[PDB]
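[1] here is the sequence, then the experimental structure:
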Amino acid sequence: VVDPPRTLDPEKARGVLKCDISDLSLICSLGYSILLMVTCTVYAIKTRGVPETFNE
Amino acid sequence: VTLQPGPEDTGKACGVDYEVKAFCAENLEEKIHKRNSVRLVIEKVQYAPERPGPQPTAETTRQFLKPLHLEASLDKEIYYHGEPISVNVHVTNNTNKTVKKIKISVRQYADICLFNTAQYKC
């Protein structure tokens, strides 16, 4: 809501369509998901050899 | 072995047990009446070995990011129910750290190893 929903010309002669946001916005959005993934990996490696329900 | 039941457990307990059952029937594979049947529970047990084993001892060294060295030992290996357990601890601290508390505990482990089941520790 702070930045509601452009043409970018990287040299050459043709401008390409894009969303208003840079890709740094996308990476910052994935910043929380990467923390979730790190937490899940740590929790799944510390348990590891749990033999329940066919070693799930 | 019988696992301790809960407040609201009603029927047969969990664990492993043995019983003998004598019945009267025309054939073995067809039917067992309640009137013609006697059931008795029998316990298979083990008792303490007569020869004591080695003295239990343990040692660890922890160096942080000069070590801290901990040694622990017991007086004997085989104990009887209701008898005290004496543990001797010896700590040497060459570090600049300070041990605040010493926690000593006796813990039980139970392995349910028929289905794929986690081990019980307490």
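    Thanks, I have it. Numbering: from 1, shown residues only, chains lettered A, B, ... in the order given.
[2] close enough to count as contact, residue A:53 and residue B:115?
    No - counting by C-beta atoms under 8 Å, residue A:53 does not reach residue B:115; the two are 9.6 Å apart. C-betas here are computed from N, CA, C, even on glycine.
[3] all the strands of chain B, residue numbers only.
    B:18-23, B:37-42, B:57-63, B:67-74, B:87-93, B:109-110, B:120-121 (DSSP state E).
[4] which of those sits closest to residue A:24?
    strand B:57-63 (42.6 Å; C-beta to C-beta).
[5] next, the buried residues of the closest one.
    Of the residues in strand B:57-63, none has enough neighbours to count as buried (16 or more other C-beta atoms under 10 Å in any protein chain shown).
[6] can I get that strand in CSV, CA atoms only?
    C-alpha atoms of strand B:57-63 as CSV (Å, rounded to 0.1, in the frame of the first residue of the first chain):
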residue,chain,number,x,y,z
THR,B,57,33.8,-42.6,35.1
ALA,B,58,33.6,-39.7,32.6
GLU,B,59,35.8,-36.8,31.6
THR,B,60,35.4,-33.8,29.3
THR,B,61,37.4,-30.8,28.2
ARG,B,62,35.8,-27.6,26.8
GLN,B,63,37.9,-24.7,25.3
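[7] re earlier: deepest-packed of the strands of chain B, please.
    Of those, the one with the most neighbours on average (mean count of other C-beta atoms under 10 Å in any protein chain shown) is strand B:67-74, at a mean of 15.
[8] what lines up beside that one in the sheet?
    Taking DSSP bridges as the criterion, strand B:67-74 sits next to strand B:57-63 (antiparallel), strand B:87-93 (antiparallel) in its sheet.
[9] for residue B:93, which non-adjacent residue is spatially closest?
    Excluding its sequence neighbours, the residue lying closest to residue B:93 (C-beta to C-beta, 6 or more residues apart in numbering or on different chains) is residue B:68, at 5.3 Å.
[10] that neighbour pairs with what?
    Applying DSSP bridges, one finds that residue B:68 bridges with residue B:62, residue B:93.
[11] so who does it touch?
    B:61-62, B:91-95, B:97, B:99 (C-beta atoms under 8 Å, 6 or more residues apart in numbering or on different chains).
[12] what sits against residue B:103?
    Contacts of residue B:103 by C-beta under 8 Å, 6+ apart: none found.
[13] against residue B:87, how distant is it?
    12 Å (C-beta to C-beta, to the nearest Å).
[14] and the residue nearest the centre of chain A?
    residue A:30 (3.0 Å; C-alpha atoms, centre = their mean).
[15] ok so that residue is a helix residue?
    Yes - Residue A:30: assigned to a helix according to DSSP: H, G, I helix; E, B strand; the rest coil.
[16] and it, how far is that from residue A:8?
    21 Å.
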